[PDB]
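In the structure tokens that follow, a single protein chain appears in two forms: structure 1, then structure 2.
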Structure 1
């Protein structure tokens, strides 16, 4: 009846978002009090995103589309402190809206692989009127879209198909990887997450290292670890939604110079799957259970998790 699941993968791969989904799917979702706890995270993420774009404009030498935005940028810093405390005035919202709508700001936003920016920047910025309303309470999707890097070990429990799951989540940033070993005992299954959309990005800790290459190294280490011979290895090729949009405009050759396929979702997605699955040194004795996911999409995760659960019931 007992099942231990361990979520692994590089930073920003979506591990913690999968954990949040278990609450929505298996429990009754986030309560009003719990949602309110995320209000300051949504506001902080929103302000940090617009600030990151404005910072990049200086570094890349991009001017504002309309000159009047310079004073809005000044007012952004004067007012930014409140959001961080869970407050969002109409004045601050207006400043952020005008900045977000500016052509120069948009030009910089569209060059985000050149700096570090939250995947949920557009999600919150495009929905400013809603999140800025007085008495705003985060929705389940707003909670799922929040971003806070994991430190330490998060343990979550839930019952599904008469099984009591004990799910462990850890940080994927370089500084937190030394902690993965504390979770290595009695693992029924490992869910290794990979952000498909990372193929053209670089690590925050190092701008010379391709994020997908880093992910591959980690997977090769985990999948081939003799300690995990009897542990089910589940591979979540995550952020499939972002990958579908990006493949249309950013060459996969940035990551795999030898890629000869077209810039289409199906071909490119299958190529990446093969690149990771080929790292398995024991293809005849060890199976990898791969699924393409969008961690923020509850219905997608529900069906994928139901499928993963059967594999676990049947094998472990």
Structure 2
């Protein structure tokens, strides 16, 4: 039906070489910090261009190291604040050596010695107990990913994989613009860090950490209901569904929504959140919100969701997309 929709247009006929003209789509990426905006951008390069070559991935190695060192130090420092002891008291020396090694370098690095110290600390029961209470302090979301894969990351000849790259946390400053072609549509994607359609990202896992989820709702409320976006397709990405899935097992939605009375399961809890956001639409009869549960780090899921998102654009906004 999208193909049929496109086929009705007659504007290329008005241009001398219309069949060679580029139909443009301006896409804005919005959402609170750390909600996954920049990961969506990487997935576009991976899916619609080449993405990350081994040479490109090599440039992210010290970032992978930096992220790994920050995660462990965060957990170790939290133990102090939360009064949690080491499972085996021999680790207290490793905790100190962690600070000695990190305190003597300027940027991320990895040595056999450092790798040894981190692996022993990570495997400790008191450290694991502190990890399981991460909702109480600031800890990188990719902490377990890198930490559990230390052995591979620690090898002298390590070359970061695409997943290693997608998992990195690199704060964005300034507005970042990316161009890619999908289904013959020329997308100009803006990651407003620091309009045909808008993709609003939400970190579902921020619910049990004003409350973060509520601040995200506040931002979506204003964005979604803004007059400038009256003719823009509003897409909602309820992201980090993989992390939310593991969290909802032991953490209750009531921490975020006290009035929530449904069962504390993935199905009911996720459904509740979607309804909370879509209900902010003050024009439920004139505007439709397009919601997708995503895992921005999963290339396959993002390719699927973006395919669906593109069909909505073709069916809803093609007439407002110019030829260049």
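Shifts are known only where both forms have a C-alpha. Positions refer to the first chain, counted from 1. Rigid core: the largest C-alpha set superposing within 1.5 Å between the two forms.
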item: Which one of 242, 107, 137, 82, by Cα shift of 2 Å or more between structure 1 and structure 2, core superposed; value: 82
item: Value in Å for the CA shift of residue 9 between structure 1 and structure 2, taken after the core is superposed; value: 0.5
item: Rigid core fit between structure 1 and structure 2: Cα deviation of residue 29 in angstrom; value: 2.4
item: Moved runs of 3+ residues, each with a C-alpha displacement of 2 angstroms or more between structure 1 and structure 2 on the rigid core; value: 80 to 87, 170 to 172
